[PDB]
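What follows is one chain in C-alpha cells, specifically the form deposited in one PDB entry.
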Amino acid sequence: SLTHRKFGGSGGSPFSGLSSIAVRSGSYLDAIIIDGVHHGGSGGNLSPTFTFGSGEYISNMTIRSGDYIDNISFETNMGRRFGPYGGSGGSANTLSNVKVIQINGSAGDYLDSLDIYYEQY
C-alpha cells in the first residue's frame, strides 16, 4: 500500500530526494541518469542534465514505450521542458496535473522500464 509519513518538527525548508535527470538516447532511451547515477547502456548520446530548482517538480510527462522506453519528455510546474529525447516507436502515454515524487525502473543495455511514483491532482 503506497503511503507516506512525516517525522520530526515544523522547521526548515523543504527538499526532495530527486534532484536531476539526464538520459542517453538514440532510437530508444539507452539510459536514464538520476541524480548523476547511470542506469542502462552506453549507446545513444547523452542529453544535458535537467536539475530541479527549489520547489520544482515534474507536472506533466509523456513516455513512449513498448518493450523498452522509446522516448521521454516532461514539463515542470515552472514551465521548463525536458526532451523529447529518444525515438518514435512504441506508443505514447501521458501523465497530467501530477507531482512526480520518484523514478525507479529496470535497465540493461537500454532502459527497459520506468516506475513513476507520483501524486495525481
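Residues that one form lacks are left out of the comparison. Residue numbers here begin at 1 and follow the sequence given. Superpose the two forms; the largest set of C-alphas matching within 1.5 Å is the rigid core.
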Mean C-alpha B factor from the entry: is it higher for 5 to 13 or for 96 to 104?
5 to 13
Based on what the PDB entry reports, which of 37, 78, 69, 31 has the top C-alpha B-factor?
78
Which third of the chain does residue 73 land in by C-alpha B-factor: lowest, middle or highest?
middle
Going by the entry, which third of its chain does the Cα temperature factor of residue 27 land in?
highest
Entry-reported C-alpha B-factor of residue 63 relative to its chain, by third, is middle
Looking at the C-alpha B-factor of residue 45, is it in the lowest, middle or highest third of its chain?
middle
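We do not show the form deposited in another entry, though everything after this point is about it.
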Did residue 34 and residue 17 drift closer or farther in that other deposited form, going by a CA distance change of 3 angstroms or more?
closer
Pairwise C-alpha change, residue 97 versus residue 6, in that other deposited form against this form - closer or farther, 3 angstroms or more
closer
Regions shifting between the shown form and the other one, defined as 3+ consecutive residues whose CA atoms all move 2 Å or more relative to the core
1 to 17
